[PDB]
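One protein chain, two forms: both are listed below as structure tokens, the first as structure 1 and the second as structure 2.
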Structure 1
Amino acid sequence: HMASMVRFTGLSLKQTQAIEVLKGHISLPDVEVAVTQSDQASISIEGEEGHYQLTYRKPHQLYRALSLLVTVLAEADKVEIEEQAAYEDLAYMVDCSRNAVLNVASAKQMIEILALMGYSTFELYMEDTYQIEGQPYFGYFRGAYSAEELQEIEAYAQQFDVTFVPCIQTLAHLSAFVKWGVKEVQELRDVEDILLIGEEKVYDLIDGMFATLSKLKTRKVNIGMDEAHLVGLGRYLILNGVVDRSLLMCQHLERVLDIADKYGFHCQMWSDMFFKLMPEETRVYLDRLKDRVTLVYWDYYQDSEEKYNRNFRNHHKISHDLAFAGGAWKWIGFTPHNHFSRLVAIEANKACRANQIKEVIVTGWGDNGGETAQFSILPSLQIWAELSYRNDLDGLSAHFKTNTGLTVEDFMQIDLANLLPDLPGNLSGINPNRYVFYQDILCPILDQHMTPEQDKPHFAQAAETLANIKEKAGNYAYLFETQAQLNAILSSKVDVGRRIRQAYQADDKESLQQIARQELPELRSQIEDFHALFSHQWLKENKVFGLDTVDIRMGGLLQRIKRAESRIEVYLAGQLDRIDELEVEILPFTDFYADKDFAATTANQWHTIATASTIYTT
């Protein structure tokens, strides 16, 4: 517990204070460190015998340097470190639009960890989850950030010389906002999650978005602007007939950019809309517009360098103002995929380097409810930072353990509910953590994707492994406690529905009674404990808003487990001659991975995991 005795020369007050905060994370030994800015390297550290000289190029890179220093002094007296970062900016973007809105205090902790890793930039992805004046439905009951909360988060990042970029939506993905049945909202709509191009009240809204953002210091923004298939085909088509869609996209983009210009923003956007550059009057419009933005090539999936290169080459044929968006996999349920994230980071990094890409944005999406922990992907983030600054992973685990207290190997065990043994490591989205959990009991529609001889022992062993890590994870224990309880549930739940069917089919009524009176009530108890663990996780990381969806989904699961109990009981009492749910033969849930030598699949929509019945449709 002894406080650090470290001594520094050449720091500003801002820097000394920043360092005091980071002593909460890293353990600085009793040495003397001379610090100066220098253009010579991103980071240089030299010295021995308690006397060290530390240079950084950019103010924020001091914080990574210190992580490096602590790490190297653990095993060595003499230090010979020089790092040259491949990327002028390295960013992490947190999804705050899928129900999980990262709370102010967790944003500050993430900024501290990102400063230790080497990121220059912090980003938050907000569709409807920022307050806009005069638009009371925009973010309503969503925990939308106030301008003050956004300023506060930015300002904290500024304490570490880290920049903030809001990622917003200026055309589509505004579904939580446009659902509201008041004229002031409905008149802004084209169809689904898409706003109505050409409508002045739409640009009044978009102006409002920028008015809010211009209260920040930052003048950089991601405006989204991906190509939605339905754009121009809803109430737009009804009012204005058929137009050229890329011409429509251009028309809208130009309006957005002019508004951005008025408030002094530079805009980044997904490159999709310009894929055709890689009808001449439209080609010209597009070409003029691509010159006013930074294009972002996003890819979270490819298992080799050359697949990325092919794309980068195509892009450079039209723009040098290019950033790459990789992915920290945390959008497939309760459990991340840091392993897959590693695999693809390695290849993407090579390609970014070959194509001298200047900027990398690591994305943390939270698809379909935000149920994966915000801090579950710290390893993926350290990975990218290592790849940037060192171009290898030789120091990954040690730097990670300096920063978090856990080896990267232990932390990455967080992924276990997805790591079924027969999966090859290079296919994405295979998410048993989720679909085993929310699957019905009586009507187990994912049951053909289960392999209980392998899955049962995997999940059970994962629960023990995660319990052990939890005990040494300190302030990250909550992450592993949640995952240990999930895996424990999955070890039984993975085949309970099949075991019911087997018992029903062979008329083993003793087994059905055991299942209905012991196993299922205990399964409910386990899921209620998990719900409590989950809520503790959520409330620590996020605002309360959005947790309500999870309460709804897990409440329903519990109620369906009770239904299995009651239905079995009726049948045991000889009231029912048959249980009709059990007379339905189970088909494959999807053929997406039908060709492969494993039964697992991808299933990432709660409402289709839970029931074959209608639930959202009229």
Structure 2
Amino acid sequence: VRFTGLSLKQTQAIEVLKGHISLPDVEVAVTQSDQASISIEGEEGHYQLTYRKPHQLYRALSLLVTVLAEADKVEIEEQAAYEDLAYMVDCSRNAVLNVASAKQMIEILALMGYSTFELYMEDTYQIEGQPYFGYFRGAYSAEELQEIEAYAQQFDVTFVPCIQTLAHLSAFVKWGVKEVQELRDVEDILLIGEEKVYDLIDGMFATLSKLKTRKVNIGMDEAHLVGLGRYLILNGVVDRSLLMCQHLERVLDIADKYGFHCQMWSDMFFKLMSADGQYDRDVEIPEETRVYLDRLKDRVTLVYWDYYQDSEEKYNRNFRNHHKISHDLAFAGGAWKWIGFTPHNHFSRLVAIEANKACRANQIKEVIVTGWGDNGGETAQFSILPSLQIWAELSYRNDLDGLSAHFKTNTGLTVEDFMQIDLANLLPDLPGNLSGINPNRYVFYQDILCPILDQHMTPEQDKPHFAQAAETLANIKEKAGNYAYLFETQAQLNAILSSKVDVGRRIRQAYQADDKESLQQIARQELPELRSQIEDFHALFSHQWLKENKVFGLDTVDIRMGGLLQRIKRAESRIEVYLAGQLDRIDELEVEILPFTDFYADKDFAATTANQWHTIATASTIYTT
């Protein structure tokens, strides 16, 4: 290609992006213009390209490459619905995105049209004088954060840290030293009102002030027991909505000291002022609280987060409730990658289409796409590219007509191929519109002898589904280039699930039937092979993890998978003891299996949602004293 109008910064950015896309040999005149987010016009190898904001050059080039593969004449104009579109990576659930992968992610977000890159870090950034904060977690140094931000700046992409200034600090407050314990209210919540807490928070902002950015998400979601622990012991019973405002004021004051403009998750206002303590609800605002909120609302952007609703009207109602507090709002949607090993791009697509309608209908200026990693970060960081492309398409075009072509330009894969990554969750009898159904994870981590999720399995449909999935994913792996690792991991997982889905039930059927030959084959053949397959899965998982993330946090997966392997060994040994006539009965197998949960009991499929490792793996105590 021959470009005119480019700055050195822009030519360098394009050099980097040539690692993702091939620019045709054509002539392109590039200028900034307020006329459109993106405009591309021309024919016969001579083109005029304009962008409104500098970062939008990179989506413009993605569109260019795409459109020119087919046609000679180009007529493209896009007007983005959102002033800012962000992707937030969870770096607090054990998986800290490594610097090299943050760079890759930035390049991709640039090509997609995102303005903003965000990292969610509860304790995973280093604070001078707080040596337990992020200790052995791979917390980013100030230097690493600076390097990441400066790399985003190469593409005119803004960096926004998402931190926690109230709750969700469990990995820090666990440390049994005076300087940490003195900071606690209860659970994962800091002690409102305590000077040492505000010293800590001043440290947080001191660290972030080393960056160029002066935009921050300060957290404050999900502090359900706020004011009810050591706070209650010291202060007695207080108005908790005012308590929230008091803490918020002090944090905004600290932010001000460093020149930051803040956003926060909105849920605690709703939980503390609704009838049943829930988010998705209307609120009675006490007068003294209203007055306090009327001040504070001018100093912070409230972020309404919702990853779940299947209809615009459901989001709309919540936006309406938020308007009672503030018209300075943003929306956080979901790239579903927090339900085990396997994402749910399909469900993310369904909710994105409807959330986009509601955001537009409520003149929402910013959408943050969230990539949470609940309970260990076991899903791949790059597993949700389709979901990111979907939101970009919805902002820029208000439809998904360009989704597959732009996605193929950006990744080398069709969007439908890449979205097969979801397969371990896609049981055939599920409706598309229910969230969190995650057999990928609970079929994997379930015990053998004591399979407490067995009532949720449907082997006649699930076995062939997982088996077919493994073949499909093996095929996509072969044409996935640099993303092949993602698919190889999923293929092996599905291969394991195909047999593991009912091995526990088949053991019980054979035991009840006195089919000792079957018992023997399971214990001597099937289970040692299952261990072999799990060890291979562990290797592939580790390869994936170390490619994307820092090493810290992988230890939890080692522990979990080692435990699973040992429990398979126990199934083998207990069966052998019984077969050698050294047991009259195998007591584990005499316990009748109950439903694990009734969450989806009223629905016409067996699968469910089960997303805590420690309750998947055992009915015994493991966490409690």
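Every residue number counts along structure 1's sequence, beginning with 1. We call the rigid core whatever largest set of C-alpha positions still superposes within 1.5 Å between the two forms.
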{"item": "From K179, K262, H316, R219, residue displaced between the two structures - CA threshold 2 Å or more, rigid core", "value": "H316"}
{"item": "Core superposition between the two structures, C-alpha change of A328 at least 2 Å", "value": "no"}
{"item": "Core-aligned CA displacement of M273 at least 2 Å between the two structures", "value": "yes"}
{"item": "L286 CA shift between the two structures in angstrom, with the core used for superposition", "value": "2.1"}
